[PDB]
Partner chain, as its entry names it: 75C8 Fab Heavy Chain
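One chain is shown next in structure tokens, namely the form deposited without the partner chain.
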């Protein structure tokens, strides 16, 4: 039979991640008598951040509160006393040093759990848990107050509505986007490294065959291939999606209801990917072709021209298991 089964289980993205990648909104959770969509993916998404179109403020900037202008803030938790976010890895380990379940988790899992200990809107019995972004450059966990990931449709964002989209920009290379479900053992069960000298294949009749149909995109390097796979990957919101709001919904708020619905994502199963999509790519380094496909790979082919990548993987790091 197939000898690749155990090794190739981490590339079964529907099984190990189970949610959208580009936009992760695979669960709903009630907060104070209203259902809200929130990230539920079990793997980290390496290299992912939010670009805010036409505003200059970076998305890990804290949200504006009170009389602060919204354009002056980002998506992260506002300051607290003591400061819950941002918190470094060392501060997190010290803060949880009496919890044996939390204190020795991997830095990403620890950041996901720390984010998950914050109460939303004073509803103690809520199941809603904030997502987070860990930045490996300075070892900082940023808790995200805003769980929305894309608002970039033609009615509202044609070019006080924030317009934004998820991306793997070069400046986001050290970030990991963490849902509340990020597993303790992600390093063993999820992708991170790209596989140098390796091409995904399909095991057929005792042989690793080529992916029989691929979607070829030109990419100058692995980074750009990884960026393309992410853009085509499993997604829990359609591209350019905009919620229809009635005039009664507009008037209920003392605020821009489009912005409120666009940022908090009120009320869905029609839109959930469950991890299904164009999550894999074979990057040909010689022909500069990102070969993108939407089925689970079941083996690897040794080929020196290739690097095997997924939407969840880091956009740069490679490991060479055919040395």
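Superpose the two forms; the largest set of C-alphas matching within 1.5 Å is the rigid core. Residue numbers count along the first chain shown, from 1. Only residues modelled in both forms are compared.
From this point on, the text means the form deposited with the partner chain bound, which you will not see here.
Exercise. Does the 4.5 Å heavy atom contact test between residue 52 and the partner chain in the entry with it bound come out positive?
Worked result: Yes, contact at 4.5 Å.
Exercise. Does at least one non-hydrogen atom of residue 204 fall within 4.5 angstroms of the partner chain in the entry with it bound?
Worked result: Answer no; every heavy atom of residue 204 is more than 4.5 Å from the partner chain in the entry with it bound.
Exercise. Is there a non-hydrogen atom of residue 219 within 4.5 angstroms of a non-hydrogen atom of the partner chain in the entry with it bound?
Worked result: Judged by the heavy-atom cut-off of 4.5 Å, residue 219 is in contact with the partner chain in the entry with it bound.
Exercise. With the partner left out of view, is residue 227 within 4.5 angstroms of the partner chain in the entry with it bound by any non-hydrogen atom?
Worked result: The answer is yes: residue 227 has a heavy atom within 4.5 Å of the partner chain.
For this session: Kindly confirm or deny that 56, 169 and 231 each have some heavy atom within 4.5 angstroms of the partner chain in the entry with it bound.
Result: Per the other structure, all of 56, 169 and 231 touch the partner chain.
Exercise. If you fit the two forms on their rigid core, which residue out of 198, 102, 92, 228 shows a CA shift of at least 2 Å between the shown form and the other one?
Worked result: By this measure, the answer is 102.
Exercise. Are there runs of at least three residues between the shown form and the other one whose C-alphas all move 2 Å or more relative to the rigid core, and where are they?
Worked result: 101-104 is the only stretch that shifts between the shown form and the other one.
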